Amino acid sequence: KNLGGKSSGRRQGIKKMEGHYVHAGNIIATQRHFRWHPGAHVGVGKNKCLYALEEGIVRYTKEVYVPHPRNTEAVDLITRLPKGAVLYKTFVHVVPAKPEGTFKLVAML
Amino acid sequence: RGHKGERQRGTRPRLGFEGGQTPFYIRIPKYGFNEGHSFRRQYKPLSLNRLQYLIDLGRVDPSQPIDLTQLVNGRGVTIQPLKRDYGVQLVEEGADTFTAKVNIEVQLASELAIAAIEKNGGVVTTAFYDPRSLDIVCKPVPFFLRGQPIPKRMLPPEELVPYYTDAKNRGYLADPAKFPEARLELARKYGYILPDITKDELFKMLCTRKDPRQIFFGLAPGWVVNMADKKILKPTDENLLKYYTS
Amino acid sequence: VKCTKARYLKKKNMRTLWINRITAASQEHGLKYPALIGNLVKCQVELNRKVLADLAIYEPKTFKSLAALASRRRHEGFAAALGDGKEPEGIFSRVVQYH
Amino acid sequence: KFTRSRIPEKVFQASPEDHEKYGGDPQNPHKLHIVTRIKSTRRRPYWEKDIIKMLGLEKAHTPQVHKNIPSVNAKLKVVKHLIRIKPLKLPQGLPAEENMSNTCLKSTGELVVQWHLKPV
RNA sequence: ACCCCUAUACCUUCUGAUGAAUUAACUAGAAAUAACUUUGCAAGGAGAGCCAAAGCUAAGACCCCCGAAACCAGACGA
RNA sequence: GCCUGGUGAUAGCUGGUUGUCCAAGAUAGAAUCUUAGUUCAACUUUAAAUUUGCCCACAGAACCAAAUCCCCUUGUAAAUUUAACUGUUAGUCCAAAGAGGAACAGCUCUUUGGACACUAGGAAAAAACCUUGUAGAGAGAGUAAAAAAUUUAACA
RNA sequence: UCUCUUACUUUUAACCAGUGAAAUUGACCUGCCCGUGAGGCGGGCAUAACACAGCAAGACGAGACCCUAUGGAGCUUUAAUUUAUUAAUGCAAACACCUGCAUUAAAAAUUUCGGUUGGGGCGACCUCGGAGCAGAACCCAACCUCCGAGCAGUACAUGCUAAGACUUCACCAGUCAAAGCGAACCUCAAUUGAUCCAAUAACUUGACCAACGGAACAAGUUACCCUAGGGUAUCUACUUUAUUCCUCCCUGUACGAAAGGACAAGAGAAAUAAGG
Ligand SMILES: [Mg+2]
Ligand SMILES: [Mg+2]
Ligand SMILES: [Mg+2]
Ligand SMILES: [Mg+2]
Ligand SMILES: [Mg+2]
Ligand SMILES: [Mg+2]
Ligand SMILES: [Mg+2]
Ligand SMILES: [Mg+2]
Ligand SMILES: [Mg+2]
Ligand SMILES: [Mg+2]
Ligand SMILES: [Mg+2]
Ligand SMILES: [Mg+2]
Ligand SMILES: [Mg+2]
Ligand SMILES: [Mg+2]
Ligand SMILES: [Mg+2]
Ligand SMILES: [Mg+2]
Ligand SMILES: [Mg+2]
Ligand SMILES: [Mg+2]
Ligand SMILES: [Mg+2]
């Protein structure tokens, strides 16, 4: 009497591991709950998927988690902590490769 | 054939059958990409690069009018009236580096191609041809073995009458009183001083058009070309002359 | 198919035939087959089984002297590996170095 | 599940007992290995089959020279059960262009650069 | 010649029972869209129609045998 | 009913498919009135174009075991793309991690890896265990795997 | 018929003479025991060759039973689709029959009766999502273990466009998205359905098509089912290798202590088997 459960794998996880060159708009990793958070130059979709906002190299770090004050779930999770207790998460960053443009000589007026 | 199945027996199903799920070529909505394909008109391009090329190699004589027969007999353009080509369209490719004084009769022409011809002292006009008429124009010699009198070419349909009656695109049914305004306007737009065709010696050649309802140049509808003993039989009955000179 | 798989068995059965004949002929002189072959290798006499079987049948004095050379070498192996330490090597125990 | 096997590093750390056993010096080690395949890649995983093809050991009992560098040592650690490794020792020098043709690798592991066929 | 030693008939169907006494004769791969190879000519090719942003023309090279119960039409039969 | 015709009916099913020699070549799946079949994919094959492929080191991949991904060096020689198509798939067993069953089955269902549908030697015979692969002749040689070991109970 | 069979005659038989089939048949130089997975393979054993007559243990040889085919046929219907055929009505045509158009009946006719399944059936199920199996990138089955879904709510820029990506192992579908123009200053996991066709001026809308990649609409059954499939002796071997019951005696002694009560060996009588 166990019907259902025939759903397939979502094929989620990391698409660009650390060190990988990444162009703008590449999906870095799709998750189902926030396993990785967006860091520098990384955006988030409605599906909690991390994509890239610049061209560069993906890096994963461990950072202090300080949520938005209007996020009453995580903020209520803060205030229960003891006085030294600091939350960390793993973040994903894109270190941007190129300069965003050069000055070039155009005309000798 | 492999092992004994349906592909060894010889009875694999038709092309497109996906074994029972609804096939690729049927899961997809009908959209009218090809809806009226065989009634759309087609026009073979003739670039000015191509036409300069034909004039340089002696294949098209620019000291005569360039009708569609002269582009076929020089084998510059292959046009097929079945497969519903309605003739040639001039194409602006090679407008710079087009150095020829010419008189072309081309069924469509872009503004920049008219500008490139009319800069050099040329004349463009856009004529119309029925499929019947176009078919007699391209290959005239297998028409004069058909025994029929020369027919009269029909006027455009209602879609194309506003095309061929405009002086901006040099219609053959337009005013010869609105042409200097249009030649003057292109000469102002594309920055060349408009030469007057009236001065030079080719002017009598650069003025000749055949009127509507005339397929060939020096001939008239209703004539029967006798290729064999090199004659032209002309009708003199009044009813035929009312019908052919209509 | 039998005719081509029998080439392997021709070679094999000749060799066991030679080991039977060398075994028999060396048992005539008290040696056993492993003793003879081992202690002739150890004298750098690199005769093979075909030749030893043919000497056993057709030249039994050469075969007797080969059995004497192999049992002498066998005893020097015993006496050498009994009185252990720095000593003079056996006479037939010496090897010829090639460079 | 049968998987690829990591081997810990304590396995590849010699003891002075082992320097007494084999003929090695931890200071000034050897440059070149001689590797020989002495076991089949059949009934072995496909990764070991590959490493045997990379090291150039498709034929058994045929010696191959390698560098004693950690990359080649990593590949050798994967297939160390199929091969035999000995140091290439060189009693005389490495062969010059004069002695290039007249060499012979002996069984001992040494590579002699003058190979006559006369007795001493 | 045998004795010695080695040697689990063939086809087909399965991951690993079928059919065949034997001989002779008969008895089962048919299509040139596209691609490829080789020529011709080449912004054109083709002996009209057709194709053409290096193409077009020509050729070569690819697609089995036997076997139901049936259904229908018209006859012949008490 | 039987005969002739349609009729070479149709058959995803059974059976059969004829010279030589060489080469490359075996196990993901998804749909389906579908599980005796097909289509796409995967794998396979040829031709072509190009440039990397494989092995991999640090660093790196989440909160609520074995390992893998990623990956420069290095060791190697392949890979991807383009063109054109066929064929194959309930695999079996062994080792390992498990599920169902009786911690039965030469039982059923997944995963990783071997081997077998490719050779030879061994294990009695022997698809799947061990040794071993690339092809010929030799009346040469060195080897690999490879032979089951056990025998008992006095008592103050 | 049987205990329990016996004798004889005929036929058959067997031999001699004439005449002379058939089913069968891969090739055979066609042994036993154990083992393997058995005339043939392994280990043992056996072993001159050859007819003729027998025997029937083995070799070699229909009728059932189950399943499958998007294979047939028949039967019953309140399966589906018809009413061409009859019979009635009704309306037109015509001045009752006939013709035309509807409608109701009978008689039939055409076609169908999905799938999963430790063979099959009942039961249960068929699509989508979460968790375990499957501990750490991705993927991973089961008539495996447990939860759920087929919506609701808010907003009306839930506008238009567009680099780059992910992707349920194909395709189809799905997802994410910077910049831009225009403006302000979506939550939830699943929460769903192709094409054709309809409806609509248009924008759009249309299935528990849930058998959820969906045939535009077709049930039960056949022990009458049917078809295609799947699960007269040739050879070997063989054909002349004394028990029991009862009686009696010893003895009603041994032994026991009384009750009790032997053996053995002997005589008997029986019965069976074996041989005459
Ligand atoms: Mg699941
Ligand atoms: Mg699944
Ligand atoms: Mg040998
Ligand atoms: Mg054959
Ligand atoms: Mg009668
Ligand atoms: Mg057929
Ligand atoms: Mg079929
Ligand atoms: Mg090969
Ligand atoms: Mg369906
Ligand atoms: Mg089928
Ligand atoms: Mg890399
Ligand atoms: Mg007779
Ligand atoms: Mg048996
Ligand atoms: Mg047999
Ligand atoms: Mg007999
Ligand atoms: Mg059918
Ligand atoms: Mg995919
Ligand atoms: Mg269905
Ligand atoms: Mg379905």
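Numbers restart at 1 for each chain; the letters A, B, ... are given by sequence-line order, proteins then strands.
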Item to complete: Using the six-membered ring of each base, decide whether F:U34 stacks on its neighbour F:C33 (centre distance under 5.5 Å, planes under 30°).
Response: no
Worksheet entry | Pairing nucleotide - G:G123, Watson-Crick or G-U, each distance under 3.5 Å | G:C143
Item to complete: Decide between north and south for G:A73, the convention being positive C1'-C2'-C3'-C4' for north and negative for south.
Response: north
Discussion item. Please give the distance between the P atoms of F:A65 and F:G98 as a whole number of Å.
Written reply: 14 Å
Discussion item. In this structure, is the centre-to-centre distance between the rings of B:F144 and B:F216 below 6.0 Å?
Written reply: yes
Item to complete: Run the pair test on G:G261 and G:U168: Watson-Crick or G-U wobble, both distances under 3.5 Å, answer yes or no.
Response: no
Practice prompt. Would you mind classifying the nucleic acid contact of D:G56 as base, sugar-phosphate or nothing, using non-hydrogen atoms under 4.0 angstrom?
Written response: nothing
Worksheet item: For F:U73, does either OP1 or OP2 sit under 4.0 Å from a side-chain N or O belonging to D:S71?
Response: no
Discussion item. Please name the nucleotide paired to G:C60 by Watson-Crick or G-U wobble geometry with both distances under 3.5 Å, or report none.
Written reply: none
Worksheet item: If we only count Watson-Crick and G-U wobble pairs whose two distances fall under 3.5 Å, is G:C186 paired to G:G153?
Response: yes
Worksheet entry | North (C3'-endo side) or south (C2'-endo side) for G:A134 via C1'-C2'-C3'-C4' | south
Worksheet entry | Ring-centre distance below 5.5 Å and interplanar angle below 30°, F:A153 vs F:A154 | no
Item to complete: Assign A:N47 to base, sugar-phosphate, or nothing according to its heavy-atom contacts below 4.0 angstrom with the strands shown.
Response: sugar-phosphate
Discussion item. Below 30° counts as parallel, above 60° as perpendicular, anything between as tilted: where do the rings of A:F91 and A:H37 land?
Written reply: tilted
Worksheet item: Between the base of G:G214 and the side chain of B:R27, is there any donor-acceptor pair under 3.5 Å?
Response: yes
Fill in: Canonical Watson-Crick or G-U pair E:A59-E:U27, 3.5 Å limit on both distances
no
Item to complete: Scan every strand shown for a Watson-Crick or G-U wobble partner of F:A115, both distances under 3.5 Å, and answer none if you come up empty.
Response: F:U92
Worksheet item: Could a donor-acceptor pair under 3.5 angstrom be found where the side chain of B:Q21 meets the base of F:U34?
Response: no
Worksheet item: Both distances under 3.5 Å and Watson-Crick or G-U wobble geometry: does that hold for F:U134 with G:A179?
Response: no
Discussion item. Need the pair for G:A218. Rule: Watson-Crick or G-U wobble, both distances under 3.5 Å, any strand; none if unpaired.
Written reply: none
Fill in: G:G40 to G:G35 separation - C1' atoms, rounded to the nearest Å
16 Å
Response to the item:
Reading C1'-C2'-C3'-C4' for G:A136 with positive as north and negative as south, the pucker comes back south
Item to complete: Please check the phosphate of F:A66 (OP1 and OP2 only) for any side-chain N or O of D:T3 closer than 4.0 Å.
Response: no
Discussion item. Using atom P in both nucleotides, what's the gap between F:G122 and F:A102 to the nearest angstrom?
Written reply: 45 Å
Worksheet item: Quick one: the side chain of B:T78 and the base of E:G44, do they pair up donor-acceptor inside 3.5 Å?
Response: yes
